[PDB]
């Protein structure tokens, strides 16, 4: 009635066709799609030889975009990125500890200068005795998440890093002024996003922390979806226990894990080894972490700030710093 009516081809066989074997199906798929039987094999051995499905998969499924491109057609760029490295360092410097704060901050600046990372995340930065950190502005552009607060986070980037924008999202479920600090910029023609945070502290605050984390991973997903080819770095002091870590988006990896999960570099807050804080029993955690996405696939991972300061016999922080170098 209101169905479409097909054009007549006068010299065409006057009857269409209408079950099938397997090779029959491979040939059929090959003819319909104008692809080969070898490629037909692939799809046909994944949906239990459901041909009618396999067509819909080839044309409509998101997995086969590549194939479709190849069928129709026959930013960086591997060879530019080979020979490129970028280092990211993250450190909770425990500014809330007033004991030897100045000496410790000087130690921090010294260590940063020695390690010389391109990108640095700091947590627990306080206004008091901040001078030696501010002195780093000769090497870095410094961005504070929330100056005027008891404590806050910071992102320091090499001067080659062009900064497009600086955003701070205040977690409303946080009773500790915690934020997500986002720096958007670039290194040469490579777009880079930096996400620094200090998730809610202590085991009890698991519900707040786990909510913040998945929320941060949502933001990461958006950035990746909207900026293909971009380098995305997210992390800091996440205060995570291993069973708290929820599903991370595809293409996102933990730096310490991708470096080979070395036990020697696992724990970033170790009461057995760092005596800045003392309990009756030792405690140790991988609180500080770094995730990334982008066109760099290899990573080297070390800990820093592990040497006792000599003038005051303590460590720069109760945290070890994490240092990851990404390359291709």
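Positions refer to the first chain, counted from 1.
In terms of unmodelled positions of the deposited sequence, the stretch from residue 18 to residue 19 in this entry skips 1 to 3 residues. Legend: mean Cα B-factor per stretch from the PDB entry, 253-261 versus 75-83; the higher mean is in 75-83. Taking the mean C-alpha B-factor of each stretch as recorded, 244-252 and 185-193 are not equal, and the higher mean is that of 244-252. Remark: of 62, 270, 288, 297, 62 shows the highest value [criterion: C-alpha B-factor in the PDB entry]. Highest CA B-factor among 155, 136, 93, 149, as stated in the entry: 149.
When the CA B factors of the chain's modelled residues are split into thirds, the value for residue 222 lands in the middle one. When the modelled residues of the chain are ordered by C-alpha B-factor, residue 128 sits in the highest third.
Among all modelled residues in its chain, residue 228 ranks in the highest third by Cα B-factor.
Remark: residue 210 belongs to the middle third of its chain, ranked by C-alpha B-factor as recorded. Split the chain's modelled residues into thirds by C-alpha temperature factor. Residue 118 is in the lowest one.
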